[PDB]
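Student: below is the structure, and that's it, no one-letter string:
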RNA sequence: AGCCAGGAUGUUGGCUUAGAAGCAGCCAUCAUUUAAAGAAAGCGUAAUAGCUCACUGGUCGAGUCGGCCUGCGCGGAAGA
Ligand SMILES: [Mg+2]
Ligand SMILES: [Mg+2]
Ligand SMILES: [Mg+2]
Ligand SMILES: [Mg+2]
Ligand SMILES: [Mg+2]
Ligand SMILES: [Mg+2]
Ligand SMILES: [Mg+2]
Ligand SMILES: [Mg+2]
Ligand SMILES: [Mg+2]
Ligand SMILES: [Mg+2]
Ligand SMILES: [Mg+2]
Ligand SMILES: [Mg+2]
């Protein structure tokens, strides 16, 4: 390895992945298999790539003393074991879901997804981001307005009104 | 994917499928029928071409036969039909025997589109690079 | 040092009766238990037991740490109690228990009937498992040893009385 | 950095000399220049350290005598015939 | 066990203990490494 | 130091190879997957092996490692 120098290094880089970062996910990894790497790196073949890293650096004293890149509320985000997930290029969307549906398949605990940076706070996995470049959800979102929400109430009596 | 349950790989060439002398009672003895190893194989083997070595998983439960999901061949045998000698190493690094270049082996690395641990279409280049240097082959990149 | 310098925390329930150099602990279960010490000085106070050396003794610490651990296992002793478990292997084995004396069949020309000691009882949930709880860690460990002894595990097929924490190497016989 | 403190020898000869290395010291000398040569005793384990650093034989060295800084170069060193210790050291007023 | 006058640990699972006045090697993997008189 | 994890993919590498898919064998030891993972440690295989090691993360929380110069002891050590 090395000393204080190797230390700072991993941080400034790992933490520039939080400064220049598109997104951030904190996932405790008890019982982490190599299949684990074989996943976020498989979901990197034909859907991601090297635009993502996830260095288990719960070195804390490291990854944390080294977020003077402005990462408050992360002392609370420093408990137990974690595997920092940081985005550089691409949207912040897809990356979150990957773990969301990984850990839910068992694939090691997800630290109840303690949440992370970008919005900046605590725990509560949302779905803002992943619904993007699927704007056909805004095609289906208009709900035909005048027509679909029509053929559902203005036209739902007959199929349920002759009682 | 899971882990372990049943799978091996012991063949010579697709040119002569389901051989007897080379493997025989060794091609499978756990749930694999020696005669049933010429039906699901050639169903896709004779479907593209025969010649190159083709190993494969041997997913075996307890339902009579077996199910093998095949993929890619050894990128090392691609030096007997698409490079030079009928052999390979023989005389490794005591003399500059064979020599390939950057040009060749390109579309050889291109075929394995579902068999490469490197999303970087460029990184998965130096991987087969060694697969053509395990016998004493210099590279004229 | 270390193990010695550690606490002990007398769980709300244990009597902790320090009479000079004699400590007696009773609680929940377990017929009390009361051992002795020597170069170690023990101190009660608060909700714990502290263990330290004693000037003039080079045994110190070393005698003190074993004090800790011992005393430690004495608390827990009467608290949770103590584990066990052995399984018999090989056709025609099997154990019994029928009181406080276990009857063993191990392929001799005779049963064995081993008689449990004081503060330790055991049951045979199965023909081939002996599980023996007790307070005195030092004693279960024995009766286990003592039992397993009638027929330690041969290293060829594995027949004999194992623990469960077993490892049984087992090897092939000389070639022909 | 090579700074070594010593004391002017009150005795000399194999007698006192063997009493030095006995009490974890050792004899030294300092000659050169128009200044008359000097009887010096150094601490073993101290200097034993400075001599392992290959820098000890190339860079000038500084000697403190009752507090008077001499500074010389490591002319010659006598080692033990079979142990890792110093026997005696010559020093030149350079 | 071996009663050599030099004991030496051999494997990595070989221990080296003094029980009574006697140095011994205790190997957990291989019993051929068991030794006394050291 | 324990204890919790992990230890792949090109690559079953080709090879004097009956069969060799890391370890009686030859020579090679290069490049990826990433926090680490050696064509390389061990048991030992009909051949797969199954299960475990260097090396990295976690827990814990103050020391820990091996040489050097020296003092005193242990084994080595059986006889009428
Ligand atoms: Mg670290
Ligand atoms: Mg005179
Ligand atoms: Mg004399
Ligand atoms: Mg004895
Ligand atoms: Mg540690
Ligand atoms: Mg482990
Ligand atoms: Mg093989
Ligand atoms: Mg080989
Ligand atoms: Mg082998
Ligand atoms: Mg790293
Ligand atoms: Mg280690
Ligand atoms: Mg001596």
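Tutor: Cool, the structure landed. Residues are numbered from 1 along each chain as shown, chains lettered A, B, ... in the order given. Ligands and ions are numbered 1, 2, ... in the order given.
Student: in chain C, what residue is nearest chain A?
Tutor: residue C:165 (22.7 Å; Cβ to the nearest Cβ). Every C-beta, even on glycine, is put in place using the N, C-alpha and C of the backbone.
Student: how many residues are close by that residue?
Tutor: When neighbours are defined as other Cβ atoms under 10 Å in any protein chain shown, residue C:165 has 8 of them.
Student: could you measure from residue A:64 over to residue A:57?
Tutor: From residue A:64 across to residue A:57, the span is 9 Å (Cβ to Cβ, to the nearest Å).
Student: helix, strand or coil for the residue most central in space within chain A?
Tutor: Of all residues in chain A, the one closest to the mean position by Cα atoms, centre = their mean is residue A:96, 2.3 Å from it. Secondary structure state of residue A:96, per DSSP: H, G, I helix; E, B strand; the rest coil, is helix.
Student: what's the spacing between the residue of chain C most remote from its centre and residue A:134?
Tutor: No residue in chain C sits farther from the centre than residue C:176, which is 43.5 Å out by Cα atoms, centre = their mean. To residue A:134, residue C:176 is 70 Å away according to Cβ to Cβ.
Student: quick check: phi and psi on residue D:40?
Tutor: Main-chain dihedrals, residue D:40, degrees, to the nearest 10: phi -130, psi 140.
Student: again with residue E:19
Tutor: Torsion angles, degrees, to the nearest 10, at residue E:19: phi -110, psi 110.
Student: determine the number of other residues adjacent to it.
Tutor: 9.
Student: again with residue B:77
Tutor: Residues contacting residue B:77 under the criterion other Cβ under 10 Å number 17.
Student: over to the one 3 residues further on?
Tutor: Look at residue B:80: counted by other Cβ under 10 Å, it has 15 neighbours.
Student: ignoring the adjacent residues along the chain, who's closest to it?
Tutor: Closest residue to residue B:80 apart from its sequence neighbours, by Cβ to Cβ, 6 or more residues apart in numbering or on different chains: residue B:86 at 5.5 Å.
Student: wait, isn't the one you found in contact with residue B:77?
Tutor: No: under the criterion of Cβ atoms under 8 Å, residue B:86 makes no contact with residue B:77, lying 10.8 Å away.
Student: what's the closest non-adjacent residue to the single nearest residue of chain B relative to chain A?
Tutor: Closest to chain A within chain B is residue B:119: 4.2 Å, counting by Cβ to the nearest Cβ. Leaving out its chain neighbours, the residue that sits closest to residue B:119 by Cβ to Cβ, 6+ apart is residue A:49, at 4.2 Å.
Student: before we move on, back to that, measure the residue nearest to the centre of chain A to RNA strand F for me?
Tutor: Residue A:96 is 17 Å from RNA strand F, where distance means Cβ to the nearest atom of the strand, to the nearest Å.
Student: same check on residue D:41?
Tutor: 17 Å.
Student: who touches the helix or strand that residue falls within?
Tutor: Taking DSSP states H and E as the criterion, residue D:41 maps to strand D:38-43. Applying Cβ atoms under 8 Å, 6 or more residues apart in numbering or on different chains, the contact partners of strand D:38-43 are D:4-9, D:12, D:20, D:24-31, D:63, D:65, D:70, D:89, D:91.
Student: helices or strands up against the helix or strand residue A:14 falls within?
Tutor: Counting by DSSP H and E, the element that carries residue A:14 is helix A:4-19. If contacts are counted by 3 or more Cβ pairs under 8 Å, 6 or more residues apart in numbering or on different chains; DSSP states H and E, helix A:4-19 sits against strand A:84-87.
Student: and if we set it to 10 Å?
Tutor: strand A:52-53, strand A:84-87 (3 or more Cβ pairs under 10 Å, 6 or more residues apart in numbering or on different chains; DSSP states H and E).
Student: residues of the helix or strand residue C:124 falls within that come out buried?
Tutor: Assigned by DSSP H and E, residue C:124 belongs to strand C:120-126. Residues of strand C:120-126 classed as buried under the neighbour-count rule (16 or more other Cβ atoms under 10 Å in any protein chain shown) are C:120, C:122, C:124.
Student: how about the first one: what's its closest non-neighbour residue?
Tutor: Spelled out, it's residue C:120. Nearest non-adjacent residue to residue C:120 (Cβ to Cβ, 6+ apart): residue C:134, at 3.3 Å.
Student: quick check: the one you found touching residue C:73?
Tutor: No: using Cβ atoms under 10 Å, residue C:134 makes no contact with residue C:73, being 11.8 Å away.
Student: next one: stretch A:88-108 to chain centre, how far?
Tutor: Once both centres are worked out by Cα atoms, centre = their mean, to the nearest Å, stretch A:88-108 turns out to sit 5 Å from its chain's centre.
Student: show the end-to-end separation of it, please.
Tutor: Stretch A:88-108 has an end-to-end distance of 24 Å (Cα to Cα, to the nearest Å).
Student: again with stretch D:2-11
Tutor: Stretch D:2-11 end-to-end distance (Cα to Cα) = 26 Å.
Student: which residues does it contact?
Tutor: D:16-17, D:19-20, D:25, D:27-30, D:38-43, D:46-47, D:50-51, D:53, D:55-56, D:59-72, D:74, D:89, D:91 (Cβ atoms under 10 Å, 6 or more residues apart in numbering or on different chains).
Student: what comes up buried for that stretch?
Tutor: D:2, D:4, D:6, D:9.
Student: distance from it to the middle of the chain?
Tutor: Distance, centroid of stretch D:2-11 to centroid of chain: 7 Å (Cα atoms, centre = their mean).
Student: could you list every residue that touches the nearest residue to residue C:34 once chain neighbours are set aside?
Tutor: Of all residues not flanking residue C:34 in the chain, residue C:24 sits nearest, at 3.6 Å (Cβ to Cβ, 6+ apart). Listed by Cβ under 10 Å, 6+ apart, the contact set of residue C:24 reads C:14-18, C:32-35, C:74.
Student: if we go to 6 Å?
Tutor: C:17, C:32, C:34 (Cβ atoms under 6 Å, 6 or more residues apart in numbering or on different chains).
Student: next step: those residues restricted to helices.
Tutor: Among the contacts of residue C:24, none falls in helices (DSSP state H).
Student: quick one: the residue of chain B closest to chain A and residue A:44 touch, right?
Tutor: Yes: counting by Cβ atoms under 6 Å, residue B:119 touches residue A:44, with 5.0 Å between them.
Student: how about the strands in chain E?
Tutor: Per DSSP state E, chain E carries strands over the ranges E:17-19, E:22-24.
Student: also chain C?
Tutor: For chain C, applying DSSP E gives strands covering C:17-19, C:22-24, C:34-36, C:41-43, C:50-52, C:86-89, C:101-102, C:114-115, C:120-126, C:129-134, C:160-162.
Student: for those, give me CSV that also has distance to residue A:114.
Tutor: Output for the strands of chain C, formatted as CSV (distance: least, Cβ to Cβ, whole Å):
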stretch, distance to residue A:114
strand C:17-19, 47
strand C:22-24, 46
strand C:34-36, 47
strand C:41-43, 43
strand C:50-52, 39
strand C:86-89, 44
strand C:101-102, 53
strand C:114-115, 55
strand C:120-126, 43
strand C:129-134, 41
strand C:160-162, 44
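Student: report the separation between residue C:46 and chain B.
Tutor: Distance, residue C:46 to chain B, using Cβ to the nearest Cβ, to the nearest Å: 51 Å.
Student: same thing with residue C:75?
Tutor: 43 Å.
Student: can you count the residues close to that residue?
Tutor: Residue C:75 has 20 nearby residues by other Cβ under 10 Å.
Student: ok, the residue of chain B closest to chain A - contacts?
Tutor: A:44-45, A:49.
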